[PDB]
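Asks: Following this message is one structure expressed as structure tokens.
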Amino acid sequence: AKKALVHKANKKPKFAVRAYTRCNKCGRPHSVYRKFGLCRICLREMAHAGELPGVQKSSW
Amino acid sequence: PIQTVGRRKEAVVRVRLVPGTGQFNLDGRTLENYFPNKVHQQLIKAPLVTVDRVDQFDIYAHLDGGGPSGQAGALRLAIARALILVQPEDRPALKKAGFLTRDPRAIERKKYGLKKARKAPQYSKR
Amino acid sequence: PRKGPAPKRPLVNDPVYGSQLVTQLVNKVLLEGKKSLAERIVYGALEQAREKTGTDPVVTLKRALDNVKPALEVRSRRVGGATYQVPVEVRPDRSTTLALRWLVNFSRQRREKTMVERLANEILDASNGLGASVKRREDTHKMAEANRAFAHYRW
Amino acid sequence: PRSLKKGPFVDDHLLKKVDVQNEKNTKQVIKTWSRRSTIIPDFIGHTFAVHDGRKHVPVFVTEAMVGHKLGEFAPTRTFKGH
Amino acid sequence: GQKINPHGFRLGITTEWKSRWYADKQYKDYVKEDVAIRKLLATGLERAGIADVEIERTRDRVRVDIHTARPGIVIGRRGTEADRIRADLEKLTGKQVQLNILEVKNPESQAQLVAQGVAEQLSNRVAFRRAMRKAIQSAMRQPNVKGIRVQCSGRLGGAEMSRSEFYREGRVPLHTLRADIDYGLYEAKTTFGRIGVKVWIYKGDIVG
Amino acid sequence: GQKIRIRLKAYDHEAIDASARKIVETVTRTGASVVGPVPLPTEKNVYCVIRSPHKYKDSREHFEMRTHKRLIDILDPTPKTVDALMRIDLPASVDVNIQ
RNA sequence: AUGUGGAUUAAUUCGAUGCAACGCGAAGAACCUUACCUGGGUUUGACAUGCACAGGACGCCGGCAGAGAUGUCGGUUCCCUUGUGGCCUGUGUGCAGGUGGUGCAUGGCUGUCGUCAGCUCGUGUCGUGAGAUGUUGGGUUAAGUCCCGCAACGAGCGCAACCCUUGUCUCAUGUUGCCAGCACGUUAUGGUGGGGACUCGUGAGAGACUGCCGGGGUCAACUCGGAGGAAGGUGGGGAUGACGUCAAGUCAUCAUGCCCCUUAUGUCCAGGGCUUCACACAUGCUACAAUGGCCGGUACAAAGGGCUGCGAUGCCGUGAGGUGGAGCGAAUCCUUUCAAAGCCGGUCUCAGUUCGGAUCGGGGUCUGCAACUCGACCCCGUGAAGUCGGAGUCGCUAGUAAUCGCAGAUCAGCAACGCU
Ligand SMILES: [Mg+2]
Ligand SMILES: [Mg+2]
Ligand SMILES: [Mg+2]
Ligand SMILES: [Mg+2]
Ligand SMILES: [Mg+2]
Ligand SMILES: [Mg+2]
Ligand SMILES: [Mg+2]
Ligand SMILES: [Mg+2]
Ligand SMILES: [Mg+2]
Ligand SMILES: [Mg+2]
Ligand SMILES: [Mg+2]
Ligand SMILES: [Mg+2]
Ligand SMILES: [Mg+2]
Ligand SMILES: [Mg+2]
Ligand SMILES: [Mg+2]
Ligand SMILES: [Mg+2]
Ligand SMILES: [Mg+2]
Ligand SMILES: [Mg+2]
Ligand SMILES: [Mg+2]
Ligand SMILES: [Mg+2]
Ligand SMILES: [Mg+2]
Ligand SMILES: [Mg+2]
Ligand SMILES: [Mg+2]
Ligand SMILES: [Mg+2]
Ligand SMILES: [Mg+2]
Ligand SMILES: [Mg+2]
Ligand SMILES: [Mg+2]
Ligand SMILES: [Mg+2]
Ligand SMILES: [Mg+2]
Ligand SMILES: [Mg+2]
Ligand SMILES: [Mg+2]
Ligand SMILES: [Mg+2]
Ligand SMILES: [Mg+2]
Ligand SMILES: [Mg+2]
Ligand SMILES: [Mg+2]
Ligand SMILES: [Mg+2]
Ligand SMILES: [Mg+2]
Ligand SMILES: [Mg+2]
Ligand SMILES: [Mg+2]
Ligand SMILES: [Mg+2]
Ligand SMILES: [Zn+2]
């Protein structure tokens, strides 16, 4: 993600319609889950490292 | 007081036995009114038919969850178990007939990447 | 089937009459898995045949299956770069099952405008010996007795 | 189609330009950079130069095309066939 | 993909979360600040190996506990690095921030710091041969640890090719959930590019 | 008759059980009637993610977000009991809501 | 309806190209995302930092001109304290800045061979040497799982187990959940006082181990049958990819070595595009009519979502929806008493059809500053191809194949027939 674009997105837009996520660190505008605030690969890596208190693999 | 519970594919049922007449009370309505299916009535009457004590027990049923067939089978199991409880002397014939053996099959887990249950997406080598 | 003969399911019997042939027929004619629809249609057509013929539905069905059940079949085989057919005897159980299959197949593909009546009429025709099922059986027996020559292969 | 309650939408700058033009009675070709501007009866005798991305193409407006957007009459893609 | 990380695979049985706190409304802001501060600390401190970073949050108060190879440079005799870290956290607006230093017992009984050392030796001048030999010997010398496996991937020696070589000794039963595996991963720098080093350590078994 | 709904809501079974045990002991020592940690259905949140970017999406996996909630209806809310509940220090893994 | 090939366009941004890409990287392209094309500004710069010369301004809320950036003006102005810290307006200095290139340089992650059972090491012995034994033969198992003699003696990654769910029972347990047995309701149902006698939801323990018997077996593995039992010979489904191969995918996640731009290939905005088509391929729904279309009555489940969000009753609309707004951070209030198929009653007697609905016109609702290219929903007119299909080819062996539904991920509005 381009730093200039990230900074512009962080800035306050002149219209409310121009608000979008832009996953925080990697700046990926796509494949991001709202509550987490992180994209698919970010979630994968952080969960595998165990940095979030409560996510874990699935087997039911 | 005699109580019993039957479960099959998420079909929990309640039955209370009464030596009075052969009245069927399914949520306040008779068996013929509730689930009017000949296969149902047949399977529900199968245990009493096997034991040959017809028109001697009154049953009140409370049903929650499950489907029609599931509820019918659970009720059959419940009345069979209640009959055994009130008189275990029929154990060897009823177990040989298979009325006292529960049915240990239900909806199974289905895979991620598969449509449902055991389904498989179209698999073409092209 | 590599390990060996697989177990066979314990097919149930029909309580309405007392013959598992009715259960077999309804299972064969099952379309889109509508059991109640299939069984009600089968019972209605059986009653139609009964009122049309004036006889016992079970007896006439037994007559039809007896008349239409084959005893010899034909199997395909290719040897030495050439295709050939061989006749092989068939178990009566499989013969009855395939007879039911042909009954359904020829109860599917005729132009009587109403299949509920048409299946009954097809049953009457098969019982009387003018049916497409008996015609197919005639053709199958003719093929088998024509290819009798290649029976030496025995497979 | 735009809802009647909201009504037609006209850009403020182009509205000011056309108002000045029709008030001064001068009729000239105006460089139009707006594709979302709807047509108004006041545009009956005004010429607008719409931008298609390559060059401002003038268009003459009459009463016939009332109720249609400016970009409808300005092709955006060139298709010469095969 | 070849192998899933044993840490993630065995989270639910043996290893515990290294961060514990409850929130749902400000959960986004909280996770943002934690991941930020973690990245900033990682990029700020490189001289001294840091095994793990654990954060616990109780309402406004936040406590961070640090494990490092040696505290000499992690905390100064007068508190140089301590005061720099405090000032950093205050700039990040951690509200009430409390610092603690916890020292590991066995320096080379765990994956992270041995990985750091191997990366440093590979980067500076040391050959991967001697690097693996010394690392394996030092890890073995400790009685508690039983199995060690070290893998190095990337460009080795400046050759225009990728060499994937691994050396194994002792226990590596990743399929057995009961086993205890320690996982580490760090990247070694060099003039020609980047090299990744991965190490697995087995430490006994747990019943209960 | 007044009742206080002490809401226990955490992620880990061990943590929630320990917090419940501590609450029961505190209430028993202070001398108040508590029904106990009545089990409640556990909300299940399942999320699906792909293996890696740039296709290879046929194989997936799921992550759950375990949330265990317990009901604690305490009768006779003694001032001493409420004060003790305020002063009790619990781990960050457990958050208690008083309503 | 989506994705690609092939042709145009100034652009249709780039990558992936049989198995192992083609409802792909796009879990939501009108601005943004876009990096493509035209045009207008811009400069040590939209955004950080250290060195010298200029300083207390910077930072901000509004009027005017403009396609917009932006230019000019109206209102406030430092917190410390004499050294300056914070911040940045003009000159540069290094330098920022690049979705520009290089997955034939790489880190990490991922797909297939394949959930196949194979793959190794220590000592010894043999030959000179590249090497062989262990890993050979017989029996048995889903398995390098095991037994028997053999220059072999041992060990390792794998296989099974330990983890989740599902099949039963026992104990603990009663609210927002249920009612055995008692009272109040009297049409609204445990609704209300009461109660663990069972499910109900979440804690502990037991239960399958060839457990026992008969025959085959080298008296050994292993196998058939039989009794008890819920399960009989890994009960069922899962988490779980040994060394390696395909220079397999990913510098368009992120980081990373080298080359390239720096007054541009960086940067802000106005309109257009990624939805273009004389054709082709792949995946899905609708069907091609009676096992049915349509109309009226009518009974059966799961689980999850809900704060700047679900939305009750009531009123007006055919219906999109308009007013209103109880109950809710949620076993409580909404997602209808969660229904569809199912059962009963009536029409159609096989038609290019009362099946079937696309295309093209005339009227409205909803979210959005902005619905023509380019969204979705409601009403009407329109009535096209299509009668089981060519060689070829695909999935499926028990709750299995077929058929009919419900909720969620991205989301103000949807391309939602895709995915879970
Ligand atoms: Mg947006
Ligand atoms: Mg994103
Ligand atoms: Mg494919
Ligand atoms: Mg295993
Ligand atoms: Mg499609
Ligand atoms: Mg392309
Ligand atoms: Mg394809
Ligand atoms: Mg292709
Ligand atoms: Mg797909
Ligand atoms: Mg663009
Ligand atoms: Mg675009
Ligand atoms: Mg490139
Ligand atoms: Mg490439
Ligand atoms: Mg092979
Ligand atoms: Mg020698
Ligand atoms: Mg050999
Ligand atoms: Mg060999
Ligand atoms: Mg051997
Ligand atoms: Mg081998
Ligand atoms: Mg093995
Ligand atoms: Mg009760
Ligand atoms: Mg391999
Ligand atoms: Mg390669
Ligand atoms: Mg290559
Ligand atoms: Mg680069
Ligand atoms: Mg680089
Ligand atoms: Mg360059
Ligand atoms: Mg540039
Ligand atoms: Mg722009
Ligand atoms: Mg596109
Ligand atoms: Mg459909
Ligand atoms: Mg209305
Ligand atoms: Mg209803
Ligand atoms: Mg239509
Ligand atoms: Mg139509
Ligand atoms: Mg329709
Ligand atoms: Mg046609
Ligand atoms: Mg037709
Ligand atoms: Mg063919
Ligand atoms: Mg959306
Ligand atoms: Zn991300």
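Chain labels run A, B, ... following the order of the structure tokens; each chain numbers its residues from 1, and ligands are numbered from 1 in the order shown.
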Enumerate residues in contact with ligand 19: an atom-to-atom distance of at most 8 Å, counting only C-alpha atoms (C1' of nucleotides) and all ligand atoms. Format the result as a VMD selection string.

Replies: chain G and resid 118 to 119 135

Asks: Using only C-alpha atoms (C1' of nucleotides) and all ligand atoms, determine which residues fall within 8 Å of ligand 39, then list them as a PyMOL selection string.

Replies: chain G and resi 390-392

Asks: List the neighbours of residue C:114 out to 12 Å using only C-alpha atoms (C1' of nucleotides); skip same-chain residues closer than 4 positions along the sequence, and give me the result as an MDAnalysis selection string.

Replies: (chainID C and resid 41 45 107:110 118:122) or (chainID G and resid 290:292 349:350)

Asks: Using only C-alpha atoms (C1' of nucleotides) and all ligand atoms, what are the residues with an atom within 8 Å of ligand 12, set out as a PDB file with N, CA, C and O atoms (P, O5', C5', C4', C3', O3' and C1' of nucleotides), in the first residue's frame?

Replies:
ATOM      1  P     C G  14      -2.692  -4.180 -18.273  1.00  0.00           P
ATOM      2  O5'   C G  14      -1.900  -4.832 -17.054  1.00  0.00           O
ATOM      3  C5'   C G  14      -0.560  -4.457 -16.768  1.00  0.00           C
ATOM      4  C4'   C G  14      -0.071  -5.089 -15.489  1.00  0.00           C
ATOM      5  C3'   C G  14      -0.086  -6.610 -15.454  1.00  0.00           C
ATOM      6  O3'   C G  14       1.053  -7.182 -16.075  1.00  0.00           O
ATOM      7  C1'   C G  14      -1.072  -5.767 -13.477  1.00  0.00           C
ATOM      8  P     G G 100       2.338   0.792 -10.557  1.00  0.00           P
ATOM      9  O5'   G G 100       3.696   0.347 -11.259  1.00  0.00           O
ATOM     10  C5'   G G 100       4.929   0.967 -10.926  1.00  0.00           C
ATOM     11  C4'   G G 100       5.990   0.661 -11.951  1.00  0.00           C
ATOM     12  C3'   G G 100       6.618  -0.722 -11.873  1.00  0.00           C
ATOM     13  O3'   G G 100       5.822  -1.735 -12.464  1.00  0.00           O
ATOM     14  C1'   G G 100       8.318   0.896 -12.095  1.00  0.00           C
ATOM     15  P     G G 101       5.959  -3.257 -11.966  1.00  0.00           P
ATOM     16  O5'   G G 101       7.407  -3.696 -12.466  1.00  0.00           O
ATOM     17  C5'   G G 101       7.711  -3.740 -13.851  1.00  0.00           C
ATOM     18  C4'   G G 101       9.137  -4.164 -14.100  1.00  0.00           C
ATOM     19  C3'   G G 101       9.570  -5.474 -13.462  1.00  0.00           C
ATOM     20  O3'   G G 101       9.132  -6.614 -14.180  1.00  0.00           O
ATOM     21  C1'   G G 101      11.229  -3.833 -13.094  1.00  0.00           C
ATOM     22  P     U G 102       8.615  -7.917 -13.392  1.00  0.00           P
ATOM     23  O5'   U G 102       9.955  -8.618 -12.891  1.00  0.00           O
ATOM     24  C5'   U G 102      10.945  -9.030 -13.821  1.00  0.00           C
ATOM     25  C4'   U G 102      12.272  -9.283 -13.150  1.00  0.00           C
ATOM     26  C3'   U G 102      12.286 -10.366 -12.083  1.00  0.00           C
ATOM     27  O3'   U G 102      12.336 -11.679 -12.614  1.00  0.00           O
ATOM     28  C1'   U G 102      13.406  -8.461 -11.268  1.00  0.00           C
ATOM     29  P     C G 251       3.565 -10.842  -7.309  1.00  0.00           P
ATOM     30  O5'   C G 251       4.820 -10.263  -6.519  1.00  0.00           O
ATOM     31  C5'   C G 251       5.391  -9.006  -6.868  1.00  0.00           C
ATOM     32  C4'   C G 251       6.029  -8.339  -5.676  1.00  0.00           C
ATOM     33  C3'   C G 251       6.471  -6.896  -5.902  1.00  0.00           C
ATOM     34  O3'   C G 251       6.298  -6.139  -4.705  1.00  0.00           O
ATOM     35  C1'   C G 251       8.348  -8.217  -5.332  1.00  0.00           C
TER      36        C G 251
END

Asks: Between G:229, G:352, G:85, G:15, which has the minimum distance to chain F (counting only C-alpha atoms (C1' of nucleotides))?

Replies: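 Among the listed residues, the smallest separation from chain F belongs to G:15.
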
Asks: Write out as a PyMOL selection string which residues come within 9 Å of residue D:60 when counting only C-alpha atoms (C1' of nucleotides), dropping same-chain ones fewer than 2 positions away.

Replies: chain D and resi 44-49+58+62

Asks: Export, as an mmCIF file, in the first residue's frame, the selected residues with N, CA, C and O atoms.

Replies:
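Just written: result-v1.cif:
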data_model
loop_
_atom_site.group_PDB
_atom_site.id
_atom_site.type_symbol
_atom_site.label_atom_id
_atom_site.label_comp_id
_atom_site.auth_asym_id
_atom_site.auth_seq_id
_atom_site.Cartn_x
_atom_site.Cartn_y
_atom_site.Cartn_z
ATOM 1 N N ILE D 44 -32.750 25.777 -23.363
ATOM 2 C CA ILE D 44 -33.376 25.574 -24.668
ATOM 3 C C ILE D 44 -32.469 26.069 -25.788
ATOM 4 O O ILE D 44 -32.372 25.440 -26.849
ATOM 5 N N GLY D 45 -31.796 27.199 -25.577
ATOM 6 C CA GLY D 45 -30.977 27.792 -26.617
ATOM 7 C C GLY D 45 -29.537 28.026 -26.210
ATOM 8 O O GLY D 45 -28.933 29.028 -26.604
ATOM 9 N N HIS D 46 -28.973 27.112 -25.427
ATOM 10 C CA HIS D 46 -27.598 27.213 -24.964
ATOM 11 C C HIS D 46 -26.765 26.066 -25.521
ATOM 12 O O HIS D 46 -27.228 24.926 -25.616
ATOM 13 N N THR D 47 -25.527 26.383 -25.889
ATOM 14 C CA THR D 47 -24.580 25.413 -26.422
ATOM 15 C C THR D 47 -23.555 25.075 -25.349
ATOM 16 O O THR D 47 -22.954 25.975 -24.753
ATOM 17 N N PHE D 48 -23.358 23.781 -25.109
ATOM 18 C CA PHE D 48 -22.453 23.296 -24.079
ATOM 19 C C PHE D 48 -21.387 22.411 -24.707
ATOM 20 O O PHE D 48 -21.682 21.597 -25.588
ATOM 21 N N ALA D 49 -20.149 22.576 -24.250
ATOM 22 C CA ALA D 49 -19.019 21.776 -24.717
ATOM 23 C C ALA D 49 -18.707 20.742 -23.641
ATOM 24 O O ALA D 49 -18.017 21.035 -22.661
ATOM 25 N N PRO D 58 -18.687 20.224 -28.581
ATOM 26 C CA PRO D 58 -19.894 21.046 -28.445
ATOM 27 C C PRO D 58 -21.150 20.277 -28.823
ATOM 28 O O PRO D 58 -21.140 19.412 -29.702
ATOM 29 N N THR D 62 -31.956 21.527 -27.789
ATOM 30 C CA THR D 62 -33.274 22.038 -28.136
ATOM 31 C C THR D 62 -34.296 21.439 -27.176
ATOM 32 O O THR D 62 -33.964 20.629 -26.305
#
